Amino acid sequence: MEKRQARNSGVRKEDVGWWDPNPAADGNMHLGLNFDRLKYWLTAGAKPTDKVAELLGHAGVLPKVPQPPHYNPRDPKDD
Amino acid sequence: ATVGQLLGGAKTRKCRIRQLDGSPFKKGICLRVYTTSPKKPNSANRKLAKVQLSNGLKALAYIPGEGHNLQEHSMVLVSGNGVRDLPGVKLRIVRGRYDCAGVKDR
Amino acid sequence: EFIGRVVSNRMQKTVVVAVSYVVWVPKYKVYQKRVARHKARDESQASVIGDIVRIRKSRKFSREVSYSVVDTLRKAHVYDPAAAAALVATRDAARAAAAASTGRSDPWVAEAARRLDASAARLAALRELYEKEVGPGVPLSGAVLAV
RNA sequence: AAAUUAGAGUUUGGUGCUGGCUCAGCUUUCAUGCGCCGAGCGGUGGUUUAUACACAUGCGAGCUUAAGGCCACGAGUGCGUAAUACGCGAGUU
RNA sequence: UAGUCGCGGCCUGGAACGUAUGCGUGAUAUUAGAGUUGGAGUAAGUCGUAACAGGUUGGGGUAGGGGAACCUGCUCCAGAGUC
RNA sequence: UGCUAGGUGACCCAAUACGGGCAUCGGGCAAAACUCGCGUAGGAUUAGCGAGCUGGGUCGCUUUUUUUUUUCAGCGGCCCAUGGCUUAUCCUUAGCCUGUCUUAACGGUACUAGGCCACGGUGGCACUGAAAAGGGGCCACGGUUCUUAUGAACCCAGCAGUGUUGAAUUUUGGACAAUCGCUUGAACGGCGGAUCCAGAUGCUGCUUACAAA
RNA sequence: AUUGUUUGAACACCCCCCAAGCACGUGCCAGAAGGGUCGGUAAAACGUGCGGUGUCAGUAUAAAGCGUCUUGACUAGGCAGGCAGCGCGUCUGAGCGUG
């Protein structure tokens with residue numbers, strides 16, 4: 001998955017990972033990545049996008065990223 | 001193996017009704033509303049229908065039910081069942097549609 | 001790497017080579033033999049028709065010349081007429097000289113004696129080759145004596 | 001702990017062949033009648049199957065410090081192509 | 001050291017070639033169809049005996065003759081009877 | 001060549017103290033583009049290929065850049081060797097493969113999603129870009145409208161929707177919140193008929209009597 | 001955690017294949033059928049009521065693809081005898097080839 005392909009296309013990348021954002025009864029997030037090619041791709045300069053960087057930091061195999069520079073009232077009812 | 005058999009094996013995927021042209025149902029305008037006498041040992045005057053169909057070609061159609069109301073310039077829906085009692089005719093007029101509707105008290 | 005017979009050399013610095021490659025067909029479970037033709041660069045034009053050559057991929061030189069000749073394995077022996085007349089001279093010289101030296105011993109008896117002793121010298125030679133290779137042993141198998 | 005072969009009726013005074021037709025199998029449609037349209041959670045699927053026919057109207061690539069800087073990725077169809085195609089396998093200047 | 005200098009960047013120029021296009025003149029392809037003929041289908045219009053022991057023993061063959069079924073030769077096959 | 005991280009700045013912006021853009025360098029991995037080995041619908045009522053139909057030389061084939069060593073092709077012009085193929089050409093069908101259905105298997109054939117290619121009403125061509133055009137540029141065609149007729153404007157095989165034909169084909173819906181893309185150094189920023197959610201509609205898996213806590 | 005009781009509605013079929021049968025109606029007429037076909041005045045198929053079998057918010061018809069179909073046979077047909085050995089030979093194709 002480079003910049004060219006879409007989300008669901010056939011990709012040379014092996015895994016975005018075993019992933020399940022749905023909460024599951026306790027320890028609510030999923031099991032994380034399978035491994036050993038994730039470090040190769042992030043080593044090779046393949047970029048992460050914003051939330052995979054948050055998820056990789058949150059799993060603690062990478063350090064986390066601070067998101068907010070300022071606060072203005074976000075609307076939670078947009079959905 | 002034997003190389004003649006190796007070259008011995010897409011044909012014509014033949015529609016066994018060649019007037020519906022692979023489709024199940026084609027409409028059309030009835031050219032003539034007429035009856036005929038059938039092959040022995042049948043002798044009841046069966047009522048038929050020559051229809052100028054959707055595909056621009058013509059074939060005869062069996063008229064079912066206790067009478068009907070079809071005249072000249074009349075649209076029908078033609079189905080794919082044949083009537084055996086006269087040769088060469090393969091079409092059935094389904095009832096529950098257009099100017100040919102259902103009979104009274106069926 | 002292909003090892004395939006030449007069929008054409010009428011052609012500048014380039015020989016047309018045919019190779020017997022066998023393709024599978026899945027329908028009848030039978031390997032069908034086809035032969036495809038390739039155009040290949042040679043450099044010395046030492047390939048007479050009937051030579052068994054080794055072609056290999058190199059840089060493409062043309063639209064359709066794509067391999068290069070590596071080595072000619074078995075040379076095709078060719079018709080030289082003057083050398084053929086020389087073999088006529090040597091061969092009937094050998095026949096007439098042998099019949100004159102031989103010619104009671106009808107000449108068949110002498111030649112068949114020479115072929116018998118030649119075969120005997122051969123059999124003694126390859127038997128001693130087997131003797132030096134194996135030692136004193138029954139000719140049961142060499143696979144037994146490979147231990 | 002490897003999960004692997006259904007026929008019958010039809011031809012003839014009858015019997016057996018000879019091959020064909022049909023029905024019972026599975027899958028498939030905004031198929032066509034007749035009948036319900038209680039309400040929710042979902043999967044999915046439409047190649048407007050066809051017309052690569054003609055398109056009313058509206059919207060789909062705009063962002064950003066007048067000016068300049070970035071917008072070939074996504075969506076649709078299969079005309080053409082029987083082979084610079086597509087697939088598979090080796091090596092790349 | 002002040003008009004020089006400019007290998008190098010931007011600009012009026014001609015032009016082989018290159019569609020669609022025109023009267024000639026070819027190919028493959030399409031339905032319209034003049035117009036002829038054949039196959040098939042059909043309960044009662046109809047003329048003779050091919051066929052079957054089957055009444056001239058028929059026919060694969062190539063030509064002749066007759067309002068019609070057909071027959072005339074010449075080798076074959078017996079896949080017609082039958083002693 | 002394209003991305004991401006570094007390191008640099010006689011640059012620009014921000015800064016009660018320091019980070020961004022902007023230029024250049026180089027490490028990482030990467031795409032791209034070419035080449036060849038094979039596979040591939042039938043037709044003799046297609047039998048020779050109306051052609052450079054294949055090869056060799058010569059040039060043109062629009063850059064040097066780390067140590068011993070380094071840089072395709074008929075693509076065009078010219079000679080030239082006269083050969084190259086013979087299911088060769090020509091016709092017509094057809095996007096291709098995995099798929100899906102079935103069969104016990106071998107096989108035989110309409111989809112799912114998705115891989116690649118092709119095309120954008122038709123045909124020709126160029127700019128820029130490293131690489132070319134589905135709502136970018138020019139011309140010719142064919143349509144659709146209008147002119148006071150001289151000429152201009154537009155091209156749904158994008159979404160909804162209209163019309164013919166069809167047995168049959170859906171709502172002129174909401175929204176950037178989730179992705180993912182494009183963009184922007186504030187701002188949970190801006191946009192996206194991709195998508196995500198709702199509709200109509202075949203197939204399906206799965207519930208369904210009310211009352212009351 | 002709380003309490004009461006219960007099986008709809010249709011469609012097709014009902015001679016054999018194929019599960020299911022009788023009455024009146026009309027008698028080769030109206031008709032049905034996928035095939036064999038049934039009606040030619042005592043219809044177990046067609047007009048209708050009763051009764052029953054399949055599927056069930058579905059059901060039948062129509063088509064289409066596969067199988068059945070060894071019905072293009074490689075697994076897996078054959079070829080005097082249904083249909084199928086070319087009139088015969090020369091024959092360096094391809095293929096099979098240690099006396």
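Residues numbered from 1 in each chain as written, not as in the entry; some residues may be left out. Chains lettered and ligands numbered in written order. Part of a larger assembly, values for the part shown. Heavy atoms only, no water.

The record lists cryo-EM as the method behind this PDB entry and 4.2 Å as its resolution.

Asker: Please clarify how the packing of aromatic side chains should be interpreted in this entry.
Answerer: Here the distance between the centres and the angle between the planes together describe a pair of aromatic rings. Tallied over the entire structure, the rule returns three aromatic pairs over all chains. The ring of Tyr34 of chain B has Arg32 of chain B lying over it, and the distance from NZ or CZ to the ring centre is 3.3 Å. Positioned above the aromatic ring of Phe61 of chain C is the side chain of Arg41 of chain C, whose terminal nitrogen or guanidinium carbon lies 4.2 Å from the ring centre. (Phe/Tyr/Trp six-rings, centres within 6.5 Å; stacked < 30°, edge-to-face > 60°. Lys NZ or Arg CZ within 6 Å of the ring centre and 35° of its normal.)

Asker: I would appreciate a short explanation of helix 2 (residues 107-134) of chain C in the present structure.
Answerer: Along an α-helix, residues three or four apart share an orientation, since each turn contains 3.6 residues. In this model, helix 2 of chain C (28 residues) spans 40 Å end to end at C-alpha, consistent with the 40 Å of a helix rising 1.5 Å per residue. The positive-phi residue at the C-terminal boundary of helix 2 of chain C is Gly135 of chain C, with phi of around 105 degrees. (Helix = DSSP H or I, 4+ residues; strand = E, 2+ residues; numbered from the N terminus. Expected span 1.5 Å × (residues − 1).)

Asker: Help me understand the protein's contact with RNA strand F in this model?
Answerer: The environment of RNA strand F is made up of 55 residues, and the closest members are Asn72 of chain A together with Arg34, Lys39, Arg41 and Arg59 of chain C. Sugar plus phosphate, as a fraction of atoms of RNA strand F within 4 Å of the protein: 85%. For RNA strand F, a sugar or linking oxygen lies 2.6 Å from a polar atom in the side chain of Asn72 of chain A. In this structure, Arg59 of chain C approaches RNA strand F through a side-chain N or O atom, which is 2.5 Å from a sugar or linking oxygen. Contributions of two or more residues to the surface near RNA strand F are made by helix 1 (38-43) of chain A, strand 1 (26-36) of chain B together with strand 1 (2-8), strand 2 (14-24), strand 3 (31-41) and strand 5 (65-72) of chain C. (Near = heavy atom within 4 Å. Polar contact = N/O pair within 3.5 Å; in protein donor to acceptor, adjacent residues only side chain to side chain.)

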